[PDB]
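Remarks on the structure that follows.
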There are 2 protein chains.
Amino acid sequence: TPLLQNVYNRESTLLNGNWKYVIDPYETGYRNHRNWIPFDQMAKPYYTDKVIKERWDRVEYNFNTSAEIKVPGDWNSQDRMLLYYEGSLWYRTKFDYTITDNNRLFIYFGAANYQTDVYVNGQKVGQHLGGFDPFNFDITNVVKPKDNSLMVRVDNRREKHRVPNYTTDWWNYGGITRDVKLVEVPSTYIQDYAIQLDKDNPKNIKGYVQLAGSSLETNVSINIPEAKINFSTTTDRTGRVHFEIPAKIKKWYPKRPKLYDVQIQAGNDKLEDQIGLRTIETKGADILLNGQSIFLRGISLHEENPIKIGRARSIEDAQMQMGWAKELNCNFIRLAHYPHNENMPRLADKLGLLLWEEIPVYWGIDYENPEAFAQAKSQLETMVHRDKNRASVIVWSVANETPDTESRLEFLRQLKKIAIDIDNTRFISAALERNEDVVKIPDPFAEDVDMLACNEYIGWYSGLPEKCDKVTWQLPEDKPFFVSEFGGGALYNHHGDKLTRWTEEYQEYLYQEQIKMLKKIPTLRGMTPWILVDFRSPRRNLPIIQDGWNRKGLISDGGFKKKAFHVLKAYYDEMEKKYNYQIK
Amino acid sequence: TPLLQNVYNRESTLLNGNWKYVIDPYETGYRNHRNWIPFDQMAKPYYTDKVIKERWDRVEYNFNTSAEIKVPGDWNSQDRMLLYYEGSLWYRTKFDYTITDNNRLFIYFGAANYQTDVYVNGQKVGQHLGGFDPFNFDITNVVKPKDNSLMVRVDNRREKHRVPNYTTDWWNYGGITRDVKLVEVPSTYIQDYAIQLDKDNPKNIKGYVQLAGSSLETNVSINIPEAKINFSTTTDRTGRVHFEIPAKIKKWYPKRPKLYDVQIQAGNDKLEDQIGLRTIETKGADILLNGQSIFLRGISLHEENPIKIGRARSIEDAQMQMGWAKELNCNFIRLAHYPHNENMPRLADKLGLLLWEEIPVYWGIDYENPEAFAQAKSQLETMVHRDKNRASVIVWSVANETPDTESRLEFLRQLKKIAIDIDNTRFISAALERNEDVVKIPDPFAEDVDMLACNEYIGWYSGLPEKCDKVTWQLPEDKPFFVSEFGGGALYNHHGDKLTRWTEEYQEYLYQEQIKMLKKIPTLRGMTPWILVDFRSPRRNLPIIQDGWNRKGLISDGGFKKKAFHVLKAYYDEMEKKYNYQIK
Ligand SMILES: O=C(O)[C@H]1O[C@@H](O)[C@H](O)[C@@H](O)[C@H]1O
Ligand SMILES: O=C(O)[C@H]1O[C@@H](O)[C@H](O)[C@@H](O)[C@H]1O
Ligand SMILES: [Cl-]
Ligand SMILES: [Cl-]
């Protein structure tokens with residue numbers, strides 16, 4: 001079912017709360033135990049949610065008497081038992097709901113990692129693959145006024161074909177990780193819409209409205225009152241209409257993040273949105289936001305709440321993380337290795353932070369495998385579609401650290417085309433790697449990126465920090481350069497000499513030398529050092545230092561600033577001063 | 001590396017204790033994170049057991065500072081965090097050993113589930129696939145006098161090609177589940193031997209001795225002093241010699257379990273064994289022990305200590321389980337779906353219990369895959385080799401509840417042949433299923449088995465207990481019949497009506513009706529009901545009743561007898577009087 005645009009501003013019934021759950025490692029409730037075939041495909045299935053009729057009946061499950069779990073949130077941080085659980089878990093709740101007239105009822109999931117199978121009243125309504133991207137199912141025909149069984153199975157088992165697959169550098173947080181809600185919409189409804197400036201013609205707002213449901217030929221209006229902008233017309237059999245409409249509109253900037261109130265209407269459906277308007281482009285080496293030359297003073301960030309040691313999901317998380325970005329004097333954030341919860345780009349639109357958004361194409365994805373390609377494709381489609389009206393987002397990242405194979409090159413070129421054909425307003429990137437005295441990027445996919453993005457750990461994985469000053473970068477003169485990652489591990493309040501690895505002083509030294517090395521590159525235009533805050537990864541098993549944390553944060557797991565924070569902040573204060581500009 | 005016979009009686013240095021450990025879900029320590037290839041085949045590898053030399057070096061592990069774990073034991077029962085852990089884990093210890101003269105040093109593992117990779121001083125010494133069968137590696141050339149690093153990786157992740165694979169009805173207990181020890185033997189050592197009554201002429205003892213090492217041509221003696229036997233011979237260049245010694249010998253019977261002290265001696269190597277001498281055979285429908293017709297008053301049993309909720313492993317565990325089998329008036333135990341620890345058959349030798357021993361070819365094994373075959377084969381070979389000198393053991397079981405396909409049938413027939421070529425002296429069987437008024441066993445593999453064993457759950461999975469009496473079994477008049485499983489679930493001290501499922505009264509009633517059904521079958525010569533004591537299974541998810549336990553125990557998880565126990569015992573008291581034999 002296509003993603004409903006801007007469910008963020010529709011009226012919802014949250015299903016959040018305490019649900020029933022069963023841990024099911026051998027998939028006893030999903031699969032025939034003898035032939036491994038899902039029950040879906042042919043009492044026993046846990047999704048029928050039966051109880052006994054008579055005292056001599058046998059049912060080896062009972063959601064009514066099962067343990068409870070909080071929704072939303074990762075299961076891992078909810079019990080020591082679930083910390084390392086990689087596998088399948090049944091969530092069950094009940095709700096009453098009477099649909100008005102001939103409206104449609106959707107269930108909308110902000111995210112759930114990794115495979116989700118959803119059942120209403122013992123009837124399958126949908127499946128989703130991808131751990132971080134939203135999804136919704138029309139459940140209209142399968143509900144009843146009282147006592148609805150809602151069964152959602154989430155499976156986070158690592159599998160060859162999944163994106164990501166066997167290893168990443170972050171914790172496998174399983175379960176329903178973001179809000180779950182019912183959404184009631186008219187028999188015909190606004191399904192999708194793009195309302196952004198034309199990259200070929202910034203005088204015009206260019207986009208479309210896509211209707212869905214019972215009768216798709218109806219009247220559609222887009223109203224931007226404060227701009228005196230109006231468009232209205234008829235839809236045809238397709239429910240789709242394109243428009244190129246001109247806009248005295250005040251443009252969106254970090255320092256001045258103007259959001260226009262927008263009204264989207266079709267038949268009986270009314271929908272309000274907050275949309276900022278701006279152009280992002282390349283002019284040789286320069287990055288131009290609305291014709292003005294900018295520098296991206298950025299930081300990398302995982303979707304994690306380190307005080308909770310679990311998945312971030314809320315507007316409160318979004319405020320705390322962005323308040324830290326602002327103490328660091330950032331105008332930009334590189335978000336995780338996956339789509340974060342929609343509060344991030346929504347709050348970034350309001351506060352004036354530019355964004356980079358990424359799908360988990362990470363390391364050894366099975367590039368030759370149609371199935372893997374299909375999962376990477378639906379995650380990117382879902383991500384670009386969700387956020388294509390967000391002024392804050394200026395980069396879609398398609399891959400991070402991928403092998404230089406023919407298999408791989410075609411995969412990334414195909415993903416580029418999928419992103420471009422939905423949205424052509426933003427930069428297409430991929431976080432790449434270098435090649436070694438002097439540093440080149442011969443990556444053929446570097447021809448295909450609007451902003452040349454590289455990861456590099458010269459002070460940390462390759463040589464000690466004195467190597468940074470010895471190094472000369474060799475780069476195309478006609479394209480912005482961007483460092484999508486550099487940094488170093490340090491345990492907060494572990495102090496010593498600057499050559500003692502894992503001390504704050506070593507990380508401080510590394511950032512100093514790293515900033516001196518990058519300041520020599522004339523085409524440098526931004527960086528998202530790794531990372532703003534320590535985050536969980538099961539690849540980081542040094543006792544006392546790591547204990548399952550990646551320690552490359554500028555901020556500790558407790559929320560305490562390390563010495564390196566002040567090195568980067570001071571450089572960013574300097575870059576703010578240099579690229580300081582006057583708004584029209 | 002061939003299994004050392006009768007290490008049970010050889011002098012060993014136990015490596016049991018507290019070991020260092022790291023949980024490693026993404027196999028960070030074992031495989032390259034980019035291409036997934038094991039470091040083994042090409043600092044990073046956890047098995048190099050490195051520490052930093054200077055303070056600027058980087059090593060993202062340190063076993064010296066890592067958390068500690070009890071060896072032996074399953075990991076799941078040692079911490080709530082490990083209960084559902086399915087994956088790889090690193091165990092690490094250190095040891096000093098001076099080998100005397102030109103002797104060899106073996107490390108011996110009673111079991112580790114599922115895949116063990118073993119390293120000494122950063123050198124790979126061996127791999128083992130199979131979760132319940134012992135294995136030993138020659139480490140002579142790789143140890144030093146002091147401060148040896150011993151690194152033991154164990155992975156219990158469920159995989160398609162493994163035996164067992166995706167699901168069973170018992171808990172995936174990972175780790176070093178039995179004693180680990182060092183066994184020093186001379187440069188020429190007794191590797192293997194068989195010593196059993198000649199089935200075809202019980203006046204004689206038949207067998208072979210297999211020597212291994214530097215000089216294979218030497219004197220070999222076998223003394224059985226009490227029996228007046230002082231056999232002596234020489235070996236050829238192969239070290240393998242066959243023999244036919246007359247017997248004066250008091251034969252082994254459950255009611256009189258006579259074991260002989262045996263000394264096997266070759267060059268400087270000397271081994272004591274305790275061996276019982278008996279014949280087991282079939283005459284049409286009759287089971288003949290030393291030519292006396294017997295009945296197998298049995299119970300099924302998993303290798304689990306219910307008080308610990310963890311894996312059974314010790315002589316103390318054996319004493320408890322078999323104490324309970326003796327209270328039930330058993331002369332027979334069906335051991336689980338895997339080889340139990342070697343204390344079971346050795347104590348079964350001492351106390352006079354006969355035993356069925358099994359490999360986990362169980363449900364949907366990948367019967368077309370040669371890898372899966374190889375892994376079933378190596379477990380079968382190991383089991384038969386370990387226990388072929390135990391009088392208690394009379395059945396090798398090759399399968400439990402496997403699908404009637406052509407691949408499975410060839411798979412089981414190959415297994416039977418492999419078993420026969422090592423040991424032809426015991427019954428070959430498998431747990432088969434009925435077909436349904438009248439009950440037949442059309443399984444083509446029924447023709448291949450010395451004892452026809454059927455699992456059936458008529459009063460429980462198929463019908464209510466009243467069905468037992470309505471049903472008529474049609475079986476060969478030719479071959480002894482065996483009920484390898486029947487039973488029902490019941491929560492200890494949950495009481496009510498005999499038609500209230502999960503009560504003790506329902507179980508009592510099912511046992512009464514089931515016993516009345518089987519007493520009618522003239523070819524019936526034994527049964528091992530499912531099961532002696534409640535055991536853990538993640539397939540059993542019924543809150544209040546199950547809570548992760550299979551509840552078909554005749555004994556509760558706390559060790560309390562349910563009513564159904566007193567029914568089987570009274571039936572076994574009857575069968576004891578009806579099959580009364582006088583030993584000559
Ligand atoms: O080395 C590092 O610290 C980082 O490199 C990145 O590519 C990866 O996304 C991170 O999660 C982390 O592994
Ligand atoms: O249904 C039952 O109780 C039993 O069936 C057996 O074949 C299986 O091996 C047992 O572990 C148990 O599941
Ligand atoms: Cl780190
Ligand atoms: Cl049960």
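Side chains included, hydrogens not; waters and symmetry mates left out as well; all remaining heavy atoms used. Chain letters run A, B, ... following the sequence lines, proteins first, then strands; residues in each count from 1.
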Q) Would you call the rings of B:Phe135 and B:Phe109 parallel, tilted or perpendicular if under 30° counts as parallel and over 60° as perpendicular? A) parallel
Q) What class does the angle between the rings of B:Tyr362 and B:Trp170 fall in, given that below 30° is parallel, 30 to 60° is tilted and above 60° is perpendicular? A) perpendicular
Q.
Between B:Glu358 and B:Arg334, does any NZ, NE, NH1 or NH2 come within less than 4.0 Å of an OD or OE carboxylate oxygen?
A. yes
**Q.** Under-4.0 Å salt bridge between B:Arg157 and B:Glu27
**A.** no
Could you check if a side-chain atom of [X] sits within less than 4.5 angstrom of a side-chain atom of [Y], using non-hydrogen atoms only?
X	Y	result
B:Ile190	B:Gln210	no
B:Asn204	B:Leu197	no
B:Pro345	B:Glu357	yes
B:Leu15	B:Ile107	yes
B:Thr234	B:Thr218	no
B:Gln5	B:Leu271	no
B:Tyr30	B:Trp90	yes
B:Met320	B:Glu316	no

Rounded at 0.5 Å granularity, tell me how far [atom1] in [X] sits from [atom2] in [Y].
X	Y	atom1	atom2	answer
B:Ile205	B:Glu244	CD1	CD	10.5 Å
B:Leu182	B:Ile139	CG	CD1	5.5 Å
B:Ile315	B:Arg346	CD1	CZ	10.5 Å
B:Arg10	B:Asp273	CZ	CG	10.5 Å
B:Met151	B:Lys94	CE	NZ	9.0 Å
B:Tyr260	B:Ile229	OH	CD1	8.0 Å

Taking [atom1] in [X] as the centre, count heavy atoms belonging to other residues, nucleotides or ligands within less than 6.0 Å. Is the count above 12?
X	atom1	result
B:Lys199	NZ	yes
B:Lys44	NZ	no
B:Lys479	NZ	yes

**Q.** Criterion side chain to side chain donor-acceptor pair (under 3.5 Å) against B:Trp396, the qualifying member of B:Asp387, B:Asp423, B:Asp450
**A.** B:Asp423
Q: Sort out for me which residue in B:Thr116, B:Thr382, B:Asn136, B:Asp133 forms a side chain to side chain donor-acceptor pair (under 3.5 Å) with B:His128.
A: B:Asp133
Q.
Between B:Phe482 and B:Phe332 (judged by ring centroids, cut-off 6.0 Å), do the two rings come close enough to count as a pair?
A. yes
Regarding [X] and [Y], do their side chains bring together a donor and an acceptor under 3.5 Å, going by distance alone?
X	Y	result
B:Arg408	B:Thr402	yes
B:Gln375	B:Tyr114	yes
B:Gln265	B:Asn223	no
B:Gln115	B:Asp117	yes
B:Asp198	B:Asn201	no
B:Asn113	B:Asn156	no

For residues 410-421 of chain B, dump all side-chain donor-acceptor pairs below 3.5 Å to protein atoms at least two apart in sequence or in another chain.
from	atom 1	to	atom 2	distance (Å)
B:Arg413	NE	B:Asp448	OD2	2.8
B:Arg413	NH2	B:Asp448	OD2	3.1
B:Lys416	NZ	B:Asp448	O	2.5

With a 3.5 Å distance limit and no angle check, can you tell me whether [X] reaches the backbone of [Y] through a side-chain donor-acceptor pair?
X	Y	answer
B:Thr93	B:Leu150	no
B:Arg426	B:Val393	yes
B:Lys255	B:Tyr581	no
B:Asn16	B:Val180	yes
B:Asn121	B:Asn148	no
B:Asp366	B:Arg162	no
B:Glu303	B:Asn341	yes
B:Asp349	B:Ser392	yes
B:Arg92	B:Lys20	no
B:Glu184	B:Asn103	no

Q: In sequence, state the C-alpha distance, the side-chain angles, and the governing distance for B:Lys308 and B:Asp74, and then conclude on salt bridge (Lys or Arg N to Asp or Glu O under 4.0 Å).
A: CA-CA 11 Å; B:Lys308 189 186 210 306; B:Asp74 55 289; 5.3 Å; no
Show me the side-chain donor-acceptor pairs of residues 288-302 of chain B shorter than 3.5 Å, one per line, residues at least two apart or across chains.
from	atom 1	to	atom 2	distance (Å)
B:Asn290	OD1	B:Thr279	N	2.8
B:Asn290	OD1	B:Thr279	OG1	3.4
B:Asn290	ND2	B:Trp252	O	3.1
B:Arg297	NE	B:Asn329	O	3.0
B:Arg297	NH2	B:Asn329	O	3.2
B:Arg297	NH2	B:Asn329	OD1	3.1
B:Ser300	OG	B:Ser484	O	3.3
B:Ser300	OG	B:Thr528	O	2.7
B:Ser300	OG	B:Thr528	OG1	3.4
B:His302	ND1	B:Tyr338	OH	2.6

Q) Does B:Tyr253 have B:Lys251 sitting over its ring (NZ/CZ under 6.0 Å from centre, angle to axis within 45°)? A) no
Q) Between B:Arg153 and B:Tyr47, is NZ or CZ placed under 6.0 angstrom from the six-membered ring centre and within 45° of the ring axis? A) no
Q) Yes or no on side chain to side chain contact (heavy atoms under 4.5 Å, CB included) for B:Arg311 and B:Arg178, after CA distance, side-chain angles and deciding distance? A) CA-CA 9 Å; B:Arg311 269 275 177 255; B:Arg178 290 168 201 168; over 6 Å; no
Q: Walk me through it: do B:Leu380 and B:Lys377 pass the test side chain to side chain contact (heavy atoms under 4.5 Å, CB included)?
A: CA-CA 5 Å; B:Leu380 181 61; B:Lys377 175 164 171 260; 5.8 Å; no
Q.
For a side chain to side chain contact (heavy atoms under 4.5 Å, CB included) check, start with the C-alpha distance between B:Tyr8 and B:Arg386, then their side-chain angles and the critical distance, and finish with the verdict.
A. CA-CA 10 Å; B:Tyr8 200 88; B:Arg386 186 192 76 173; over 6 Å; no
**Q.** side chain to side chain contact (heavy atoms under 4.5 Å, CB included) evaluation trace for B:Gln274 with B:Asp261
**A.** CA-CA 5 Å; B:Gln274 314 71 33; B:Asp261 299 315; 4.2 Å; yes
